[PDB]
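Enquirer: This structure is in structure tokens; I'll ask about it shortly.
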Amino acid sequence: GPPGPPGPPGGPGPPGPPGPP
Amino acid sequence: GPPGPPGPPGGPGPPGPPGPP
Amino acid sequence: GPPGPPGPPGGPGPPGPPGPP
């Protein structure tokens with residue numbers, strides 16, 4: 001048969017890095 | 001035949017931005 | 001049929017922690 005529909009989106013990425021001083 | 005299953009879940013997004021100074 | 005395409009990447013991650021004093 002034909003392929004299914006796309007999977008769902010992933011979750012958010014990792015937290016960003018600490019800010020500078 | 002019927003459609004296949006939905007695709008697998010997507011992966012994570014990119015890392016977030018830096019924190020505030 | 002076969003599985004659908006993988007889902008898309010998630011959105012950007014959250015901001016990082018505040019920087020040091």
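Residues in the structure tokens are numbered from 1 in each chain, the chains being A, B, ... in the order shown, and ligands are numbered from 1 in the order shown.
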Using 10 Å as the limit and counting only C-alpha atoms, can you tabulate each residue of chain A that touches segment 9-19 of chain C, with its shortest atom-to-atom distance in Å and the two atoms involved, as a Markdown table?
Expert:
```
| residue | atom | partner | partner_atom | distance |
| --- | --- | --- | --- | --- |
| A:8 | CA | C:9 | CA | 9.0 |
| A:9 | CA | C:10 | CA | 5.4 |
| A:10 | CA | C:10 | CA | 4.0 |
| A:11 | CA | C:10 | CA | 4.6 |
| A:12 | CA | C:13 | CA | 4.8 |
| A:13 | CA | C:13 | CA | 3.8 |
| A:14 | CA | C:13 | CA | 4.9 |
| A:15 | CA | C:14 | CA | 4.9 |
| A:16 | CA | C:16 | CA | 4.0 |
| A:17 | CA | C:16 | CA | 4.7 |
| A:18 | CA | C:17 | CA | 4.7 |
| A:19 | CA | C:19 | CA | 3.8 |
| A:20 | CA | C:19 | CA | 4.7 |
| A:21 | CA | C:19 | CA | 5.1 |
```
Enquirer: The selected residues should be written to file as a CSV table (one decimal), in the first residue's frame (atoms: C-alpha atoms).
Expert:
```csv
chain,number,residue,atom,x,y,z
A,8,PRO,CA,4.1,14.3,14.5
A,9,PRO,CA,6.6,17.1,15.3
A,10,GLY,CA,9.4,16.6,17.7
A,11,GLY,CA,9.6,18.3,21.0
A,12,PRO,CA,11.5,21.6,21.7
A,13,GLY,CA,15.3,21.6,21.5
A,14,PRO,CA,17.6,21.6,24.5
A,15,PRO,CA,17.8,24.7,26.7
A,16,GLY,CA,20.1,27.4,25.4
A,17,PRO,CA,23.5,28.1,27.0
A,18,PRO,CA,24.0,30.5,30.0
A,19,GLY,CA,24.3,34.2,29.1
A,20,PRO,CA,27.5,36.2,29.2
A,21,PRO,CA,28.5,38.2,32.3
```
Enquirer: State the Cα RMSD (Å, one decimal) obtained when chain A is least-squares superposed onto chain B, all Cα atoms paired in order.
Expert: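 Root-mean-square deviation of the C-alpha atoms: 0.6 Å.
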Enquirer: Could you tell me how far atom CA of residue 4 of chain B sits from atom CA of residue 7 of chain C, in Å to one decimal place?
Expert: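 Between these atoms lies a distance of 14.5 Å.
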Enquirer: With a distance cut-off of 12 Å and only C-alpha atoms, select the neighbouring residues of residue 1 of chain B, excluding the residue or stretch itself and same-chain residues fewer than 5 positions from it, and output the selection as a PyMOL selection string.
Expert: (chain A and resi 1-4) or (chain C and resi 1-2)
